[PDB]
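**Student:** Can you read through this structure? Questions will come right after.
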Amino acid sequence: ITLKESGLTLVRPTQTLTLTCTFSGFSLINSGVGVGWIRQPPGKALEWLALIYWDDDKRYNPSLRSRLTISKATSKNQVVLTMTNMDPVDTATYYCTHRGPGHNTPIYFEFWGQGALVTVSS
Amino acid sequence: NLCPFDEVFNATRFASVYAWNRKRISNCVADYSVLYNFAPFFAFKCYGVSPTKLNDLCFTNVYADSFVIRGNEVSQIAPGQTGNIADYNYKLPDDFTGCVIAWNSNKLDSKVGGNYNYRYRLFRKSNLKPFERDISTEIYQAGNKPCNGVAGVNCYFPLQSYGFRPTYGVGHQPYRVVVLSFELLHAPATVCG
Amino acid sequence: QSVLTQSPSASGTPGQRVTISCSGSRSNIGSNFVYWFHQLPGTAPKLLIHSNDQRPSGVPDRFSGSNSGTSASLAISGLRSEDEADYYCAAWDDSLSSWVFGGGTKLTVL
């Protein structure tokens, strides 16, 4: 199971961020499987952004809702995240993570991507 | 030629109990020795037949009914047992002949925060006939003319969700259940082996 | 109440047993499962313990988890030199309806 993010890493303020998590080893048509996004500023604690189950249940971080949109392209086995109105405080690393089944309870964040450092400046 | 037991037991997305999913299985060489390798089978009981003597008999037509219910309600899937899901959204006759198979699936159906996608009928006018399915979601009757899909003195709504989470006790965890129905009288056998 | 707090430093020494605390509230840590991650300099974190007591395949035995009321603890046995890294809490908060994390602990062996 592998994940990899991609997109534009540098963007000015008042523009929009787009990211694309391409994965391999599981399909978002089975039961259980889901994909989420987690950002981490440089030298701070982790932060949860959004999540999308296999039946298209788009959970969002409430404080960051009204700004985020996550969607899937299952045919291409890829997920797209979009966040408008970026700011210099949003410079961070963004991981795309995977939630599959365990042995008696669902597993969450078992596998991670490799990050994509995103800088918001001029 | 084998028949799809690996499709009804390994289905991609099970159904909710109020809209259960029937399927027919005929014209194959049925092998019941694949089921045991599936799960510890929290519930495996047979009416009118034994599970070990299953691989040598011949049947007329075999139906398979799959859906998902709660933990402490699996006991209601049996002939002549009165309850709430055996009363409003799935009833099987008192002359049943077949088997039921239920295994715990908290691994794949419980979302963190609540899975409000598996619902069940809570209100109906009269109990339903055996092997009957209804899907209409009409608003239920009240003392007085119900409101309109809104709150009021009564004016309730029929369906109710489940809310599965990974921390619920075993009595409230989601269970997947599949029911096999056979026929044996004057059989120019169509499925066995 | 809605944010988990951890002490920043552990400071053990090889071949010893240490514990790492995580204090929550009635709403997040006391009514949900508590995860425990581990994050090394210049690398994505890596799961250590889910469901308060279970280890994903590929984790040594020395890591143990414990939940008690509105508190959580991680017990590391056989402390070694390949473990000095950040350790994080994680829990789903129903009142906020989101995942919340802790600050992190250093745990540099001597």
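Naming scheme: A, B, ... for chains in displayed order of the structure tokens; residues 1 onward per chain; ligands 1 onward as shown.
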Please provide as a VMD selection string all residues within 9 Å of residue A:72, with the sequence filter that same-chain residues fewer than 6 positions apart are discarded (counting only C-alpha atoms).
**Tutor:** chain A and resid 28 52 56 78 to 81
**Student:** Please run DSSP on the backbone and report, as a PyMOL selection string, all residues within stretch 14-176 of chain B that come out as strand (DSSP E).
**Tutor:** chain B and resi 21-25+43-47+58-59+62-69+98-104+120-121+159-160+175-176
**Student:** Please provide the set of residues having any atom within 7 Å of residue B:20, restricted to only C-alpha atoms, with same-chain residues fewer than 6 positions apart removed, written as a ChimeraX atom specification.
**Tutor:** /B:65-67
**Student:** Give me the residues near residue C:22 as a PyMOL selection string, where near means some atom within 8 Å (using only C-alpha atoms) and where sequence neighbours in that chain fewer than 2 positions away do not count.
**Tutor:** chain C and resi 4-6+20+24+71-73+89+102
**Student:** Within 10 Å of chain C, which residues belong to chain A? Use only C-alpha atoms and report them as a ChimeraX atom specification.
**Tutor:** /A:40,44-50,59-63,93-95,102-115
**Student:** Name all residues at most 7 Å from stretch 165-167 of chain B (count only C-alpha atoms; drop same-chain ones fewer than 3 positions away) and give them as a list in words.
**Tutor:** residues 105 of chain A; 106, 110, 111, 112, 113, 114 and 115 of chain B; 32 and 33 of chain C
**Student:** Out of B:97, B:137, B:27, B:84, which residue has the shortest atom-to-atom distance to residue B:182 when counting only C-alpha atoms?
**Tutor:**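 Once distances to residue B:182 are computed over only C-alpha atoms, the minimum belongs to B:97.
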**Student:** Which residues, written as a ChimeraX atom specification, have at least one atom at most 8 Å from residue A:18, with only C-alpha atoms counted and residues fewer than 2 positions away on the same chain left out?
**Tutor:** /A:7-8,16,20,80-83
